[PDB]
Amino acid sequence: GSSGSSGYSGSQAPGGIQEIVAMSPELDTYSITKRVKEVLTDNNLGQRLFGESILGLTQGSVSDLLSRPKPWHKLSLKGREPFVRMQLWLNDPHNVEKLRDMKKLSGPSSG
């Protein structure tokens with residue numbers, strides 16, 4: 001048999017990116033930007049689109065992010081916000097699938 005009582009439950013969270021980022025380990029901004037660029041180049045993707053759909057960033061802002069990332073320590077949680085989404089977007093196996101699907105097929109542009 002047994003007797004007594006033990007265990008518990010009853011907690012929740014608000015959610016949101018900044019709380020994922022809060023819990024995050026040191027996400028090597030450089031190595032992520034590197035791997036992210038290389039994923040864009042492999043798939044011949046355009047930096048902006050990734051920045052729009054994933055990061056909510058202007059192309060100026062995304063291209064600066066990839067070009068010269070600040071270190072994780074320098075970045076506040078709002079600083080780390082995009083790089084966390086990049087780390088997870090690298091791990092997501094249908095990441096590029098959903099990203100191409102934004103553009104899908106389009107009509108002709110230039111010659």
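The sequence shown begins at 1 in the deposited numbering and counts up one residue at a time.
Note that the Cβ used here is the ideal one computed from N, Cα and C, for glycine as well.
Within 10 Å of its beta-carbon, does residue i have 16 or more other beta-carbons around it, so buried, or fewer, so exposed?
| i | result |
| --- | --- |
| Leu-105 | exposed |
| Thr-41 | exposed |
| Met-86 | buried |
| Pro-69 | buried |
| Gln-47 | buried |
| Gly-111 | exposed |
Quick one: what does DSSP say residue i is sitting in, helix, strand or coil?
| i | result |
| --- | --- |
| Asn-91 | helix |
| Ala-13 | coil |
| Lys-37 | helix |
| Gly-1 | coil |
| residue 112 | What is shown of the chain runs 1 to 111, which leaves residue 112 out entirely. |
Measure the C-alpha to C-alpha separation of residue i and residue j and round it to an integer number of angstroms.
| i | j | result |
| --- | --- | --- |
| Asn-43 | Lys-98 | 12 Å |
| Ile-54 | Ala-22 | 19 Å |
So residue i packs on residue j, CB below 8 Å; how close in whole Å?
| i | j | result |
| --- | --- | --- |
| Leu-27 | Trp-72 | 6 Å |
| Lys-74 | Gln-18 | In fact, because the Cβ distance is near 17 Å, the residues do not count as touching under 8 Å. |
| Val-39 | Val-96 | 7 Å |
At a Cβ threshold of 8 Å, is residue i touching chain C?
| i | result |
| --- | --- |
| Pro-69 | The question asks about chain C, but that chain is absent: this structure has only one protein chain. |
Report task. Determine contact between the region 81-99 and the region 45-63, defined as no fewer than three beta-carbon pairs at a distance below 8 Å. Result -> yes
Query raised in the report: Quick check: the region 4-17 against the region 41-61, are there 3 or more CB pairs under 8 Å?
Result: Counting Cβ pairs under 8 Å, fewer than three are found: no touch.
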